[PDB]
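Asks: In the first instance, please consider these chains from the complex; the rest will follow:
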Amino acid sequence: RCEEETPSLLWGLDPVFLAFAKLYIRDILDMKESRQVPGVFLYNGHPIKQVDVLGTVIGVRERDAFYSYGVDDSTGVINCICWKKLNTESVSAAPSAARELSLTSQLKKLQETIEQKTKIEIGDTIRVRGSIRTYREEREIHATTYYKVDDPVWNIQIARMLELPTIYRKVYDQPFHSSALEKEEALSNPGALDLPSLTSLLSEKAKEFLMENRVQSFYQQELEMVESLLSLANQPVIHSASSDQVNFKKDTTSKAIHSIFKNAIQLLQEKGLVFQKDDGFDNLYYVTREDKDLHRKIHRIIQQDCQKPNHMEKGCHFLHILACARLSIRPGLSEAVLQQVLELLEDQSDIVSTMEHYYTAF
Amino acid sequence: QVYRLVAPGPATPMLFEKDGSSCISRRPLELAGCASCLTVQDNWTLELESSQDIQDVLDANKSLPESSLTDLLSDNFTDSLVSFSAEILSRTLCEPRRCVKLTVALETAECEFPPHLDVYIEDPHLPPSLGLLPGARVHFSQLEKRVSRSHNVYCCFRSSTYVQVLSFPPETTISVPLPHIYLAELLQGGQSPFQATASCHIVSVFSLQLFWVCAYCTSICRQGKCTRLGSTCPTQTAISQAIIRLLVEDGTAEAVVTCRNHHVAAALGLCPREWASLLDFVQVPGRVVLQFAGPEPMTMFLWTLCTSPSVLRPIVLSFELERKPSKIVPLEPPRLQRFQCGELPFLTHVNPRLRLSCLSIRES
């Protein structure tokens, strides 16, 4: 089978894409160009865009606009175009003060050092960094930065040759990146694998259904009536894990369904989306987002800075607001419900937050 | 442990059931309406039993309870009581709210790279207990946990805290070398360390700042003079500061490194005399700021130095992750950019950059 290349949208997820890869010159010559985008190559699925080589110069050719070199890395020979930087509008030196004169002298010394560092002849050692290109059926490297390595004992090349196989084995000979792991989207049909995962997906499915209908109040038995939610919950995992009764198979399945719905509802209540009142109904819930009276009361409380003195700094802390609401509105208020109410109030441009967990009136 | 009360006296019944209302019986304000109270008497004494007699109960003398790392490092955890065993790293005194900030490295059998944490001891209990010294192993129980403005996690010290010292500091402080990793391993979220070294190669420079600030009010000075002198500072003292933002890579991944103070001179590859001369020159105007990328002979010299191959050199860097392990705020979705190689722009999903902090820079 022809190994399909990685999609052009997930290339950036690989860390190797933005890093100067260390590769053998033979590999550089042997990698196959990618059809999706010219100029970007592939090695074992890794989209490689830039390279880093070190070798011995074996040939120098000069034109009017660029240099040419042949880098030999004891595995292959490749060209390395080095463009010429135009020295237009050279900096003019002036007989300024003594400190400025010393600065200009140091600048001239630095320029001389750079010019010495960039001088290359046959037989030296060069390090070239850049991007691969193809020109007239020839593969060559358009150098971005390059300099002459001063290596009088042959330690750098020995270290490079000892190091390259390890980096190959530990990084380059590995399968691919991690793009949404493996089937992280959905859970491989509603059957899934983990029962709590099924509970969670049912939970926010029910949350979405309740939001889209604009439900003010609802019951758990009402949520049970929903055929779609029941079908989503009706999976082999829950049925196989609920065979605790023989004479009451349907009854125990219904009890397990009730338990999983209760777990979903308590998960929603933990997020504060739904809150309960002591009205005698164990399965009655009210959507926090739709409670307009709670929003009005919270805004009224905030407008007076939670009854704090005016000379005290304006605004209130999250804990102070929670305590005032508990003492004034309802002792049973939860933190998540208050946070959602505050966020909804801020969305409608009612209050402005100055610090984090701090809110003020207009 | 199992303790036996050996209260002497007559065999009066009920004496070990509840406190007599009509007799001497007092309770703390936090235990006003307790259903079970038993005030100990002065003549009463305590004794310790043997292990063999109560081996069944004493078989539960396992490790003291410890909250799960997920519970400890989750902001949604409403419970404000946690317990753990850690080793004290450094202890410092805070003065204006007197506090003794403690930095403890956790010890657990779940994660092999435990995170760091801060323990604050405030005024109500500030003859801090003996043994709390760097290098020792201490077990903390029932600490209050709170989340700060910057989403950090730090544990306070409340009246319901029990502290036990386990081992004394070692006589000799042995040294340990930092692990050697590739920069790609930090982008795979499976148990990666946050303090390691790597052999990176400098690529470019983003910015560079040099100051001469006042020693008291931290305001920019000019020729050793505070801008607000006579209103916030009593003398004329000037100190130097420096920032720089590199951009390094090591053949596997890309990262941006921030350095401060003398690490700036270390990264620029300048001798101390040249660094001193540069700072003395900078002392004249007051500030030097360059923004090479992002939203005068001195300027030209710095521009030439920041792009020459004298700076863009291979180095060995010992770095620490900028985002502290205690901090918790994972909210980053992948972005979308427009790299263009062959005169044919394309769109790719890119990860957010890695932010690091320097600790040491050496040549190679």
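Replies: Nice, thanks for sending it over. Numbers count the residues shown, from 1 in each chain, chains lettered A, B, ... in the order given.

Asks: and the residue lying closest to residue A:346 once chain neighbours are set aside, how many residues sit next to it?
Replies: Computed as Cβ to Cβ, 6 or more residues apart in numbering or on different chains, the closest residue to residue A:346 that is not its neighbour in sequence is residue A:353, at 6.4 Å. For the C-beta atoms, the positions are set from N, CA and C on the backbone; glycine is no exception. A count of neighbours around residue A:353, defined by other Cβ atoms under 10 Å in any protein chain shown, yields 13.

Asks: buried sites along the helix or strand where residue A:211 lies?
Replies: Under DSSP states H and E, the secondary-structure element containing residue A:211 is helix A:195-213. Going by neighbour count (16 or more other Cβ atoms under 10 Å in any protein chain shown), the buried part of helix A:195-213 is A:195, A:198, A:199, A:200, A:201, A:202, A:203, A:205, A:206, A:207, A:210.

Asks: The last one touches residue A:216, doesn't it?
Replies: No. Using Cβ atoms under 8 Å, residue A:210 is not in contact with residue A:216, being 9.9 Å away.

Asks: slot chain C in:
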Amino acid sequence: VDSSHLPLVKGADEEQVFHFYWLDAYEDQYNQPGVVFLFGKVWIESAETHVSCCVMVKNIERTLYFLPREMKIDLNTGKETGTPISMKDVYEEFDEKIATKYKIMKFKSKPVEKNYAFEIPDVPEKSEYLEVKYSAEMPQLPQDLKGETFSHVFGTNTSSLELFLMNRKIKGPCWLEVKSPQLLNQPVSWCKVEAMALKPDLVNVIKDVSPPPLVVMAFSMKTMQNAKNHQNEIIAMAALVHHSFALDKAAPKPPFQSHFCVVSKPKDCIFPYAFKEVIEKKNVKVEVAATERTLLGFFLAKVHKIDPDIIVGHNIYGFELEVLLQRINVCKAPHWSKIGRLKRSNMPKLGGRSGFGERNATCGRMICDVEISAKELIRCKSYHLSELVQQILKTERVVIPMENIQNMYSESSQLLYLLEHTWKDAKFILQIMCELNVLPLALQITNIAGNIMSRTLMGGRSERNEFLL
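Replies: So that you can see how it sits with the rest, here is chain C on the chains above:
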């Protein structure tokens, strides 16, 4: 206005329809391809006024044109095979190759006749072309696709907005009629009224109603520069708002009916002694913000509540909008999208040399910079604000350098003078804008050209003439 009902108006055919007057259009193919948004004003009977409305148009179909070859040529060898070319042959080759390769499940085709008279050679003046239409969800074909019967293909990369504007004969801002609107369960815009049309064919043009009044705001701000990072922060700002600005007569007198001012403090310095008492005694509606984040939040809330359509000022695009966006990003002020009209999460990249992201930052609203309009209209020695005031209104304006800005916090009188100077600068900007009749001229130019109204204020004459052609 409740969101459960739409202000439907009965039509001639005894069918209720949606009526509104669009101003600006937005398109986003990367996230929601084949969707074009429209913004404008809709008459409301309950209050006898106009409110902002957002209209959603879906299911925009791409169009492709194929040129049949004269004689069959094999792709592999570039040589004839001995058979002529027929339309059915082109259709069969397309169905058997392109649909399979590029995964195009659904498409519609029919023979059409078209003319070509442009620079691309190897194209006859008059011929018969193959028109293939399919939804935008399927991947776009390459621009250089060549086959055994078609040499060149046209319309590969036509934007949805351009196709929608071209195929419905819409010429600038004009009244529209939408047939059978549907309510949206999930709000996506900050406007009061929302509706969506299933197909583009349900939109027509009505040309018998005068344009309605708009809402215009002029604003300006003072920025001081930090000394440790060369960053520009915000200290104070002010604005003026009019509610019934007409677009077919002279500017209303007075040009403004309401205003507000907000002043903040730097990180280091503090307010002058009894500054709040001084403000209260003078009885001036000035709101004091503790930090920069409070100021940004207050400004965004005021913008959202007032709901302006046209925002004007001096040197907005070059400096002010970029500075405001950078400060919003740094201060992490939530809900940055209120500066526009469509709910968005990811802010566009800043620092763009072409400013494309900065231009797109305020989709749905109008940004009118007096500098570009002045450059287009009249000639002056310079286009600075003081020079413009001197040459147009013949009045002197005080210039406050950045050096004194730090010192103005010593006394309350200096702070009040600075705030009054900012207010006067904003008023001068508004008066200069009203003097040159920029808005009616822009409306006439857009109606003549037919392009989008917002792009007219950018000075892109080439864009207007390209749209006209």
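
Asks: In light of the added chain C, please revisit the neighbour count of residue A:353.
Replies: Residues lying near residue A:353 (other Cβ under 10 Å) number 18.

Asks: next one: phi and psi at it?
Replies: With angles defined as degrees, to the nearest 10, residue A:353 shows backbone torsions of phi -90, psi 130.

Asks: so what's the residue in the stretch 251-362 of chain A positioned nearest to chain C closest to, chain neighbours aside?
Replies: In the stretch 251-362 of chain A, no residue comes nearer to chain C than residue A:352, which is 3.8 Å away by Cβ to the nearest Cβ. By the measure of Cβ to Cβ, 6+ apart, the closest residue to residue A:352 outside its immediate chain neighbours is residue C:297, 3.8 Å from it.

Asks: Around chain B, pick out the residues from the stretch 1-150 of chain C.
Replies: residue C:30 (Cβ under 8 Å from any Cβ of the partner chain).

Asks: Would you map the strands across the stretch 1-150 of chain C?
Replies: Per DSSP state E, counting those that start in this stretch, the stretch 1-150 of chain C carries strands over the ranges C:9-10, C:16-27, C:36-44, C:49-57, C:61-68, C:71-73, C:80-84, C:108-115, C:126-135, C:150-154.

Asks: let's put DNA strand D on the structure above:
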DNA sequence: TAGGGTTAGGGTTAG
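Replies: Placing DNA strand D onto the earlier chains gives this:
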């Protein structure tokens, strides 16, 4: 109430 201020930056050609 406990980290300072905070965010994000280069991403192309020349024969």
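
Asks: The buried residues of helix A:195-213 again please, DNA strand D included this time.
Replies: For helix A:195-213, the buried set under the neighbour-count rule, 16+ other Cβ under 10 Å, comprises A:195, A:198, A:199, A:200, A:201, A:202, A:203, A:205, A:206, A:207, A:210, A:211.

Asks: Help me confirm that residue C:393 comes into contact with residue C:435.
Replies: Yes. Between residue C:393 and residue C:435 a contact is recorded at 7.2 Å, counting by Cβ under 8 Å.

Asks: What residue in the stretch 151-300 of chain C comes nearest to chain B?
Replies: Distance from chain B to each residue of the stretch 151-300 of chain C (Cβ to the nearest Cβ) is smallest for residue C:230, at 5.0 Å.

Asks: if I look at that residue, how far off is chain A?
Replies: Per Cβ to the nearest Cβ, to the nearest Å, residue C:230 is found 22 Å from chain A.

Asks: related to what we said a few turns ago, sheet partners, orientation included, of the helix or strand just after the helix holding residue A:211?
Replies: Past helix A:195-213, heading to the C-terminal end, the next element that is a helix or strand (DSSP H and E) is strand A:217-219. Each strand that pairs with strand A:217-219, with its direction, by DSSP bridges: strand A:284-287 (antiparallel).

Asks: Identify each buried residue in the partner strand, please.
Replies: When burial is assessed from 16+ other Cβ under 10 Å, strand A:284-287 yields the following buried residues: A:285, A:286, A:287.
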